[PDB]
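In the form deposited in one PDB entry, a lone chain appears below as C-alpha cells.
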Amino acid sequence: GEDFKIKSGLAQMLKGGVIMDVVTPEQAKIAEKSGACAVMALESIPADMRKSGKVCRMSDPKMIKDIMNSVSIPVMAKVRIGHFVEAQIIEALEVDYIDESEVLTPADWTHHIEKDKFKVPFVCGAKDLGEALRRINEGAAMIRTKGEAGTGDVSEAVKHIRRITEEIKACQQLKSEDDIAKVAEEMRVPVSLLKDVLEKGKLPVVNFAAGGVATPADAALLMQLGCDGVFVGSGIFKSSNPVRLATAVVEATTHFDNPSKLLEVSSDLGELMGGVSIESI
C-alpha cells in the first residue's frame, strides 16, 4: 500500500505528458525544451532494433548518466524482460523510472522482474486486461500499451487500449463472486485486483500509449481514446524537422480536443519517418 501508492504517485504524477525517446544529450535538450514530461534514454532506436536482429540490452550507464545530467525533467531507461540484475544496476544509477521493455531482447521467457523488490517505479507493456493486471500485480507502477514499436502504425496501440477498456467493462458488468473468482485465476492474478478495477472501472495505475505514434493526430487519437499520456519515441528525431514535430506532439497531447489547435500544429510539419504498415508484416 504505502510503498506502492508512492510509486503509483510518481507515475500518476506524469498524467497528460509526453515521454520521448532520446539517443543523445543534444536530443534530450530538444525534448525538454519541447514540453516533454520526461525522456527515455537508450543507445539505439526502436525502429532500428526491430531489423538488426542483434541482442538489444540495457544501455550503457555513462550514456544514460550523460543524458540524465543534461535535463531537469526525469529520465527513464530500459531493461530486458526478466533481467532483474540489469534493473538492480539502474536503480543504483538513480534513474527515475525503469521500463521493463519487451522491445529489447528478453532475458527470461518465463519470468518477468520482481519489481516489488525495487524502490524505483516500473513501467510495463500490456495488450489486454490480464497482461496489464499481471504486470501490476507484479509491482508495475505504470502501464503502457505495447503496439508495434518502430512501425509508425497506430493500428496496434489503439486496438490495445480499446480491448483493455472493452475487457475492463465486459468483465465489470458480470455477475457472481464465483464468476469473477474464475477470471482472476484464469488471468493468474489475485481476486483483489480484478476487483479494485471493476469497483473503480479503471486500472489503479496510469495507462500511457506507446508504439506506433508518429503524428500529433495519432497522439490526440489515443487520449480521446482514454490513455493518460503518451510515449513517443523516435522517429520524432528520424523526421525532417524534429524540434517542430516534438512540440507538435506535446502540444497535440495537451490540447487533444482542440480541432482548431490540433490542425494548427499539424501543418507544414515536413516529411515524417516512413513507417512500416503493420499489415505488410
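Residue indices: 1-based, along the sequence shown.
Another form, the form solved in complex with a small molecule, is not on view; read the next lines as being about it.
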Q: Select from the listed residues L93, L198, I81, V183 the one whose heavy atoms reach within 4.5 Å of the small molecule in the entry with it bound.
A: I81
Q) Just one of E131, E167, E86, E148 has a heavy atom within 4.5 Å of the small molecule in the entry with it bound. Which one? A) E131
Q: Could you confirm whether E156 comes within 4.5 Å of the small molecule in the entry with it bound, counting heavy atoms only?
A: no
(Q) Check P190 for me: does it contact the small molecule in the entry with it bound (non-hydrogen atoms, 4.5 angstroms)? (A) no
Q | Distance check, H112 to the small molecule in the entry with it bound, heavy atom within 4.5 Å | A | yes
**Q.** 4.5 angstroms heavy atom contact with the small molecule in the entry with it bound for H160
**A.** no
Q. Among 133-141, 68-76, 198-206, 175-183, which stretch has residues whose heavy atoms lie within 4.5 Å of the small molecule in the entry with it bound?
A. 133-141
